[PDB]
Amino acid sequence: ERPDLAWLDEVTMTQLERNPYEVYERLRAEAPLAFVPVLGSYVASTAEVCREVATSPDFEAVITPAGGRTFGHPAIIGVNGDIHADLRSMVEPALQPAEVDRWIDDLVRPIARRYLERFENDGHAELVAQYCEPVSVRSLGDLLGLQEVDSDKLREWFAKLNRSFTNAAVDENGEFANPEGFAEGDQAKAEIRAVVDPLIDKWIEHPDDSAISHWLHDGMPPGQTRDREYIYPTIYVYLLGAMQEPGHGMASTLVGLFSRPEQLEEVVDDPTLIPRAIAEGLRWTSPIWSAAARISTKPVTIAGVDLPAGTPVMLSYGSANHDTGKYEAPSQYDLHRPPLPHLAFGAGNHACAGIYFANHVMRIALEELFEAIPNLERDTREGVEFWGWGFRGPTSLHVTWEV
Ligand code: HEM
Ligand SMILES: COc1cc(C=O)ccc1O
């Protein structure tokens, strides 16, 4: 243990889930690469260290221990080499920018209107449960071929997978402190299998243009499909983060705009500013805050720390996006800060494959919301609480408007 960081011994998992920003402010100043005992891992907290680890040839992909316990093998986020190349080739077709531009409007905009019509005349709403999450999961769910899985169920699944994936607390001996916390991830996977296995059975014989059907068939010899055990971990990758994060990003962007009322008004009046508003929202509260990791493949020295080969490092991109070496007053949402790079989509060979898709989902959702409710106001009686260390976002977003 590093002597001057003895205070890290007293950092708790609950503290990191409720608000990691004070601890990580200390880490960025004291130890940009630091071993955090309750996480049982080195953690990268600055922009320079996160970007170096994510792009270095001396590191490769790995899943965090609780993430591996949740997803198994071969999750696209945790593999390398030929397997990673295959899984990337598998997911990339529907995510290509030219392809997304062909159909993204006809996918998301009707979905956004459907959810808006349920509440736009009420004068009040809780936008996370009633809008941001449903639009995010319904859009991706239809793309995948899960049209018949209700948005309520998709939302329950990503919540359970979230809690299992981020069940990272370890004890003195490095063993998981809360092994019972993986049970609901196991239950979610069992439910997912019961729903998706019959769909896969069908797609093997009758391919259609759902993404999962293409995952089974694309690039395969005639009459062959990828085995379902080979693609299920990447299905889980989607059913957690791909389902959850566009909703998180929408909602954090909204919370940030409400915190700057003049900027909210600017964006409602000029919706061409919505992409910039979203980019700042992702930097301000990164949806995938500290879920990603890498592992060294050779001895390497990072931020003054000599690491052996085989050392995992958690990439706390949500902290890197508050690096005061790069941003002025990063805890404040500011639509007007200059367009600078950010790490909310990761970096390197394993950077987010769905960036272009995700940005359009969030853009269209906010466009439709502001057109339907231009006089949106935050219910200042009800507070906005953010939760999560691995994945972070607001747990609710109560709003009102004069009808
Ligand atoms: C605002 C929404 C999203 C954010 C902030 C986000 C962020 C991220 C981050 C931080 C990673 C890990 C990058 C790294 O390890 O360096 C990642 C990986 C990934 N994301 Fe996104 N994501 C979002 C939405 C989506 C969506 C909607 C999809 C699919 C339609 C998607 C597909 C993927 C895939 C396939 C990977 C694994 C890439 C690989 O390991 O090769 N993401 N994402
Ligand atoms: C794109 O979805 C995911 C991304 C990550 C990145 O670390 C972890 C779990 C996920 O489900």
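Indices start at 1 and increase along the chain as displayed.
Just so it is clear, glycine is given a Cβ too, placed from its N, Cα and C backbone atoms.
Here is what Swiss-Prot says about this protein:
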BINDING   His84, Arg88, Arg294, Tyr317, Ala347, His350, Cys352  heme binding site
BINDING   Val237, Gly241  substrate binding site
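Features recorded in Swiss-Prot, as mapped to the structure shown.
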residue	record	DSSP (3 states)
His84	heme binding site	helix
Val237	substrate binding site	helix
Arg294	heme binding site	strand
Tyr317	heme binding site	helix
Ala347	heme binding site	coil
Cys352	heme binding site	coil
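Applying an 8 A CB threshold to same-chain residues 6+ apart, the list for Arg294 (heme binding site) reads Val53, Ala54, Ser56, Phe59, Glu60, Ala61, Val62, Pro312, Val313, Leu315, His350. In this structure, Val237, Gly241 are the binding-site residues from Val237, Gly241, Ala347 whose C-beta falls under 6 Å of some atom of ligand 2. Filtering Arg294, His350, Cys352 by Cβ distance to ligand 1 (under 6 A) retains the following binding-site residues: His350, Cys352. Cβ neighbour counts within 10 Å, taken over all protein chains shown, single out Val237 as the most crowded of the binding-site residues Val237, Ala347, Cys352. Pairwise Cα distances among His84, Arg88, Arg294, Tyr317, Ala347, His350, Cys352, which the record gives as the binders of heme, peak at 22 Å. When the binding-site residues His84, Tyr317, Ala347, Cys352 are ranked by how far their Cα is from the Cα of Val237 (substrate binding site), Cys352 comes first. For the pair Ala347 (heme binding site) and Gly241 (substrate binding site), the Cα-Cα distance reads 16 Å.
Cβ neighbour count for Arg88 (heme binding site): 15 (other Cβ atoms within 10 Å of its Cβ, all protein chains included).
Residue pair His84 (heme binding site) / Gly241 (substrate binding site) shows a Cα separation of 18 Å. When the binding-site residues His84, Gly241, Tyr317, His350 are scored by other C-beta atoms within 10 Å, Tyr317 scores highest.
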